[PDB]
Ligand SMILES: CC(C)CCC[C@@H](C)[C@H]1CC[C@H]2[C@@H]3CC=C4C[C@@H](OC(=O)CCC(=O)O)CC[C@]4(C)[C@H]3CC[C@]12C
Ligand SMILES: CC(C)CCC[C@@H](C)[C@H]1CC[C@H]2[C@@H]3CC=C4C[C@@H](OC(=O)CCC(=O)O)CC[C@]4(C)[C@H]3CC[C@]12C
Ligand SMILES: CC(C)CCC[C@@H](C)[C@H]1CC[C@H]2[C@@H]3CC=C4C[C@@H](OC(=O)CCC(=O)O)CC[C@]4(C)[C@H]3CC[C@]12C
Ligand SMILES: CC(C)CCC[C@@H](C)[C@H]1CC[C@H]2[C@@H]3CC=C4C[C@@H](OC(=O)CCC(=O)O)CC[C@]4(C)[C@H]3CC[C@]12C
Ligand SMILES: CC(C)CCC[C@@H](C)[C@H]1CC[C@H]2[C@@H]3CC=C4C[C@@H](O)CC[C@]4(C)[C@H]3CC[C@]12C
Ligand SMILES: CC(C)CCC[C@@H](C)[C@H]1CC[C@H]2[C@@H]3CC=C4C[C@@H](O)CC[C@]4(C)[C@H]3CC[C@]12C
Ligand SMILES: Oc1ccc(-c2nnc3n2Cc2ccccc2OC3)cc1
Ligand SMILES: Oc1ccc(-c2nnc3n2Cc2ccccc2OC3)cc1
Ligand SMILES: Oc1ccc(-c2nnc3n2Cc2ccccc2OC3)cc1
Ligand SMILES: Oc1ccc(-c2nnc3n2Cc2ccccc2OC3)cc1
Ligand SMILES: Oc1ccc(-c2nnc3n2Cc2ccccc2OC3)cc1
Ligand SMILES: Oc1ccc(-c2nnc3n2Cc2ccccc2OC3)cc1
């Protein structure tokens, strides 16, 4: 029996104080508070969300890219758990976590207003946000699945928040197929030699692709000039992670350049600035396309090229080719813990952004 | 000659990469990058904003609470600068900063669309946000003015962002006057003895006032139940700082309680939880009032009481009574650098929130 304005503010205050409590626990942990205390806290929050989901289901009883999105990242998370399962907080957390993931997908697939529902969904938003934060701050198969569990817990947090926020074609695919074959070659050569040559190859390949995407998107923008809020916000919020990764690399490269060090190399400076520029241009192209016969064929070739390039760029870190963690300079300017966390944020965000863009470019291409 | 959607996204991307660059510099500094490099970076950004403001002015040539808000906090900032003025980056920064503050107030008072204006205002938003972040991370008069320069640089950042986001009465004043006289007594007694007794007095006084405000706001909510977006967002965003301060204190108090330490005291646990509860209740009361004869007199007495209590609570940290920095427990669980930064965020946010609430309660009272 609350006014809607009070139901929304009270739910927001509950959720934000839940986040700030998680923040307090994480700060206390890094500085009395042990890993078991943070795991126990989030485990309890998952148990609370599970109780809400069960009660909700009892009371109740072109999105294929999004449903297949979280179903794949949840299956990958369940695989990760299965590996971890096979202190009390460490022993219990993966069980509650697996149940949380299973119920979270079941609910979002089939059961996606009262104050009960608003508190439930806000709780879920900040539970998944805290799960992201924990995945980022805290056998060998757990390495490759790491970005997929983290992007699972940022995707689902967005999926839950935005739910209530609302409430001829020749050159394109040829360039795309070449970029994909080259990306696969870079991926396998890098993994086989897991060395320095493969890293340099990776960065030169990256620069070449980022420059080609800048040209493609710029051409599309010129065509539009001479002649959906959530998609823009999701592209920008996700790309911010990669823009921090890039600015950290740029700052470290400039700091090295200022000393006239013999180790300075343009491949760690031009690439990061190019990543920021290309993403700014692509974000503007994609949103312009979403707010909209030679021009049609040109735009289709551009979207097909960018689509394929974004898939190839998603593929690189998605399959284990993440050399940024081993950078000899960024791990000295910021240290290993800061560089590692910045990448732990940026990489799963970069995977999200590179598959978001692929879905938006696909839609633009079809129409 | 940009579409409005592209003008807004491109400006947002410029501003956010400006923030992420400032983030990169601050991380690099804490971990190659010295204080002079961060001061130089922000000094240059202030010079850029000054150039924009001059070009803009050349091209061009119930808000009294807000205009008097930033005019007072800018005069206090100029006083702080005057004290600092009387490495090259340290010598130059206060001059550019003073000019920035003077032009920022001149512009906001008298000169508060083209892409030029959008890039200019977004730059100013993230320049002031970076200035806040620097004031928080990095004679004796500089102590007392510290929260006012920091809240200046968070107030003005909000003032600039929201600009474009938009584009009978017996018991009340008697309780208020008693709360004010008691707050002044606590303030002067604390400062005179600048000791442990004054701190305990402060915390017991705080708890007594927070409980009285909870009763007042709860009564007002009951009256409304038995019978403006930016204001809600500013109250919540500002109160978040105090909710982090409170949860850090609560976590430290619980960690101490879990060890059965003889030093555990309820005054550091009940107060922080009460601060969170009272603010949640008051935020819901104020927004309910903004979205709206015995009931009228009751509501006027409640608003008058809360108005006076929020002034008294603003007065306590505003005049130097900030004992939270000396807490013997929160500075051990989180360390001195983390507890100090959490308070450097929360206190100027608490001052903002406690004068925001006073302006909203004043408006509600008059009508
Ligand atoms: C962007 C929104 C949605 C918030 C999500 C991220 C937060 C949960 C992040 C932001 C800043 C993070 C903190 C930033 C700073 C620190 C201090 C740092 O402390 C040290 O490592 C100090 C080491 C020493 O000197 O002993 C460790 C990480 C920690 C606790 C981080 C934990 C998680 C925080 C609160
Ligand atoms: C919301 C946007 C517009 C603001 C930009 C900043 C945020 C996106 C924050 C939230 C998550 C933060 C990161 C999360 C955690 C850390 C941990 C911290 O590293 C450590 O945990 C250990 C410190 C050490 O011992 O070196 C360094 C800061 C960093 C990378 C933070 C950098 C700033 C981030 C990206
Ligand atoms: C909320 C939005 C609007 C962003 C505004 C705040 C950011 C500018 C904050 C968020 C997290 C902050 C960082 C969090 C973590 C660190 C790591 C910390 O590093 C250490 O102290 C490690 C010490 C050591 O182990 O040697 C110092 C502060 C710093 C750089 C902070 C600098 C400023 C950051 C990026
Ligand atoms: C946007 C909301 C909903 C997310 C909640 C977190 C944010 C509000 C961030 C931005 C500013 C952050 C703070 C800014 C800086 C620091 C510095 C850091 O302390 C240090 O600088 C030194 C670390 C050490 O050596 O102990 C500890 C984290 C803390 C308090 C951060 C805690 C989390 C805050 C409040
Ligand atoms: C559209 C699909 C691909 C979505 C994401 C699924 C990902 C996580 C799957 C796809 C195929 C998998 C890879 C194929 C085989 C190898 C070689 C081995 O030595 C290390 C693991 C590794 C490298 C696997 C890791 C996980 C993997 C990358
Ligand atoms: C509405 C007004 C008050 C807005 C804010 C102005 C503030 C910053 C002004 C008001 C009066 C001032 C105080 C009055 C006198 C003293 C005693 C001296 O030993 C330390 C400084 C100190 C404690 C001053 C600090 C700054 C001050 C707190
Ligand atoms: O056949 C597939 C299906 C999905 C993915 C995938 N994996 N992660 C993500 N998606 C999809 C997605 C959809 C919308 C917005 C963002 C986003 O990014 C997350 C991969 C292969
Ligand atoms: O990989 C990503 C990263 C960020 C977003 C995103 N973009 N806008 C929003 N989020 C997420 C979010 C989550 C919890 C609370 C607030 C909040 O803010 C809304 C999406 C995908
Ligand atoms: O450099 C970055 C920048 C942003 C993130 C990030 N990822 N998810 C979230 N943010 C913060 C954010 C930014 C805009 C809107 C909402 C929101 O909240 C959730 C990470 C690294
Ligand atoms: O006579 C005065 C006038 C202003 C202040 C003051 N000082 N700081 C702040 N204000 C005012 C204010 C107004 C609207 C929203 C927030 C807010 O908070 C900032 C004090 C005495
Ligand atoms: O003391 C405060 C603290 C926060 C707010 C506030 N509330 N909502 C917003 N801000 C400020 C802001 C500043 C820069 C970029 C984005 C942004 O987000 C909007 C106000 C007063
Ligand atoms: O515990 C806290 C929580 C928040 C802040 C803070 N202060 N100013 C800003 N935030 C972050 C924020 C939160 C909501 C909307 C915008 C926004 O951005 C600016 C500080 C301490």
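Residue numbers (the deposited numbering), protein chains in the order written: chain B, 46 to 76, 80 to 109, 123 to 147, 157 to 182, 189 to 214, 255 to 283, 302 to 328, 335 to 367, 379 to 443, 511 to 585; chain A, 46 to 76, 80 to 109, 123 to 147, 157 to 182, 189 to 214, 255 to 283, 302 to 328, 335 to 367, 379 to 443, 511 to 585.
All C-beta atoms, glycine included, are put in the ideal place defined by N, C-alpha and C.
In angstroms with no decimal places, state the Cα-to-Cα distance between residue 535 of chain A and residue 569 of chain A.
What you label residue 535 of chain A is simply residue 317 of the second chain in a count that begins at 1. What you label residue 569 of chain A is simply residue 351 of the second chain in a count that begins at 1. One C-alpha to the other measures close to 8 Å.
When you check each C-beta in the stretch 47-69 of chain A against every C-beta of chain B, which residues fall closer than 7 Å?
Answer set for the stretch 47-69 of chain A: 48, 50, 51, 54, 55, 57, 58, 61, 62, 65, 66, 68 and 69.
Using 8 Å as the limit for Cβ to Cβ distance, is residue 72 of chain B near chain A?
Translated into the one-based positions of the first chain, residue 72 of chain B becomes position 27. It does; some Cβ of chain A falls within 8 Å.
Ordered along the chain, which non-local residues of its own chain (more than five positions away) have a Cβ less than 6 Å from that of residue 157 of chain B?
The residue you call residue 157 of chain B lines up with position 87 of the first chain. Once the five neighbours on either side are set aside, the close Cβ partners of residue 157 of chain B are 84.
Using Cβ-Cβ distances below 8 Å, what residues of the stretch 548-576 of chain A are close to chain B?
Within the stretch 548-576 of chain A, the qualifying residues are 550, 551, 552, 553, 556 and 560.
Using a threshold of 8 Å, state whether the C-beta atoms of residue 517 of chain B and residue 363 of chain B are closer than that.
Within the first chain, numbered from 1, the residue matching residue 517 of chain B stands at position 299. Within the first chain, numbered from 1, the residue matching residue 363 of chain B stands at position 223. Cβ distance < 8 Å, so residue 517 of chain B and residue 363 of chain B count as in contact.
Of the choices B:400, B:421, B:271 and B:423, whose alpha-carbon is the least far from that of residue 69 of chain A?
Residue numbering aside, residue 69 of chain A sits at position 24 when the second chain is read from its first letter. The candidate whose alpha carbon is nearest that of residue 69 of chain A is B:400.
So if I threshold CB-CB distances at 8 Å, which residues from the stretch 413-428 of chain A count as touching chain B?
Against chain B - using a Cβ distance shorter than 8 Å - the residues of the stretch 413-428 of chain A are 427.
Compare the beta carbon distance of residue 541 of chain B and residue 264 of chain B with 8 Å and say whether it is the shorter of the two.
Indexing the first chain from 1 puts residue 541 of chain B at position 323. Indexing the first chain from 1 puts residue 264 of chain B at position 148. Going by C-beta atoms, residue 541 of chain B is not nearer than 8 Å to residue 264 of chain B.
Would you say the beta carbon of residue 324 of chain B comes nearer than 7 Å to a heavy atom of ligand 5?
Position 190 of the first chain holds residue 324 of chain B. Checking every heavy atom of ligand 5 against the Cβ of residue 324 of chain B, none is found closer than 7 Å.
Please state the DSSP three-state secondary structure of residue 555 of chain A.
The residue labelled residue 555 of chain A in the question sits at position 337 within the second chain. Residue 555 of chain A: helix per DSSP, three-state reduction.
For the alpha helix (DSSP H) containing residue 433 of chain B, name the first residue and the last one.
The residue you call residue 433 of chain B lines up with position 282 of the first chain. Taken as a continuous stretch (DSSP letters only), the alpha helix (DSSP H) holding residue 433 of chain B covers 421-441.
Within the chosen definition, does the stretch 423-433 of chain A reach the stretch 258-272 of chain A through at least 3 CB pairs nearer than 8 Å?
The stretch 423-433 of chain A is not in contact with the stretch 258-272 of chain A.
From B:140, B:352 and B:174, pick the residue whose C-alpha is nearest to that of residue 425 of chain B; which is it?
To locate residue 425 of chain B, count along the first chain from 1; it is residue 274. Taking only the C-alpha atoms, the option nearest residue 425 of chain B is B:352.
Are there any heavy atoms of ligand 5 lying less than 7 Å away from the beta-carbon of residue 536 of chain B, as far as the coordinates show?
Numbered from its first residue, the first chain carries residue 536 of chain B at position 318. It does: the Cβ of residue 536 of chain B is within 7 Å (strictly closer) of some heavy atom of ligand 5.
Residue 304 of chain A: buried (16+ other C-beta within 10 angstroms of its C-beta) or exposed?
The residue you call residue 304 of chain A lines up with position 170 of the second chain. With fewer than 16 other Cβ atoms within 10 Å, it is exposed.
Using a Cβ-Cβ cutoff of less than 6 Å, which residues in the same chain neighbour residue 441 of chain A once the five nearest sequence positions on both sides are dropped?
As a working note, residue 441 of chain A is residue 290 in the second chain. The residues are 379 and 382.
Check whether the stretch 308-323 of chain A touches the stretch 566-582 of chain A, taking contact to mean three or more Cβ pairs, one atom from each stretch, closer than 8 Å.
Output reads no: the stretch 566-582 of chain A does not touch the stretch 308-323 of chain A.
What residues of chain B sit near residue 399 of chain A, judged by a beta carbon separation below 8 Å?
For the purposes of this step, residue 399 of chain A is identified with residue 248 of the second chain, where counting begins at 1. 69, 72 and 73, listed in chain order.
Are there any heavy atoms of ligand 1 lying less than 7 Å away from the beta-carbon of residue 567 of chain A, as far as the coordinates show?
As a first step, residue 567 of chain A is located in the second chain; it is residue number 349 there, counting from the start. Result no, Cβ not under 7 Å from ligand 1.
Just to confirm, does residue 577 of chain A get its C-beta within under 7 Å of one of the non-hydrogen atoms of ligand 10?
By 1-based counting over the second chain, the position of residue 577 of chain A is 359. The answer is yes for residue 577 of chain A.
Counting only the same chain and skipping the five closest in sequence on each side, list residues whose C-beta sits under 6 Å from that of residue 356 of chain B.
For the purposes of this step, residue 356 of chain B is identified with residue 216 of the first chain, where counting begins at 1. Excluding positions up to five away in sequence, the list reads 520, 523 and 524.
Does the Cβ of residue 563 of chain B have 16 or more other Cβ atoms within 10 Å, making it buried, or fewer, making it exposed?
Locating residue 563 of chain B in the first chain gives position 345, counting from the first residue. The residue is buried, with at least 16 neighbouring Cβ atoms inside 10 Å.
Which one of A:544, A:579 and A:567 has the shortest CA to CA distance from residue 340 of chain A?
The residue labelled residue 340 of chain A in the question sits at position 200 within the second chain. Answer by Cα proximity: A:544.
On a Cα-Cα basis, can you pick out the residue from A:549, A:537, A:365 and A:397 that is closest to residue 52 of chain B?
Sequence index remark: in the first chain, residue 52 of chain B carries index 7 (1-based). Checked all of A:549, A:537, A:365 and A:397; the closest Cα to residue 52 of chain B is A:365.
Distance check for residue 347 of chain B and residue 415 of chain B, CA to CA, integer angstroms please.
Along the first chain, one-based indexing puts residue 415 of chain B at 264. Along the first chain, one-based indexing puts residue 347 of chain B at 207. If you take the alpha carbons of residue 415 of chain B and residue 347 of chain B, they lie about 17 Å apart.
How about the stretch 552-567 of chain B and the stretch 99-109 of chain B: do they share at least three Cβ pairs that are nearer than 8 Å?
In short, these stretches do not touch, since the Cβ pair count stays below three.
Under the assumption that residue 437 of chain A contacts residue 578 of chain A (Cβ atoms under 8 Å), give the Cβ distance between them as a whole number of angstroms.
Translated into the one-based positions of the second chain, residue 437 of chain A becomes position 286. Translated into the one-based positions of the second chain, residue 578 of chain A becomes position 360. Contact holds; Cβ gap of about 5 Å.
Taking Cβ positions, are residue 140 of chain B and residue 207 of chain B nearer each other than 8 Å?
Against the first chain, residue 140 of chain B aligns to sequence position 79. Against the first chain, residue 207 of chain B aligns to sequence position 131. No.
Answer with buried or exposed for residue 584 of chain B, where buried requires no fewer than 16 other C-beta atoms within 10 angstroms of its C-beta.
Within the first chain, numbered from 1, the residue matching residue 584 of chain B stands at position 366. Exposed is the call here.
Alpha carbons only, please: which of A:548, A:91, A:538 and A:582 is nearest the one belonging to residue 328 of chain A?
Within the second chain, numbered from 1, the residue matching residue 328 of chain A stands at position 194. Among A:548, A:91, A:538 and A:582, the Cα nearest to that of residue 328 of chain A is on A:538.
Can you list, in chain order, every residue whose CB sits closer than 5 Å to a heavy atom of ligand 4?
In chain order, the hits are A:553, A:555, A:556, A:559 and A:560.
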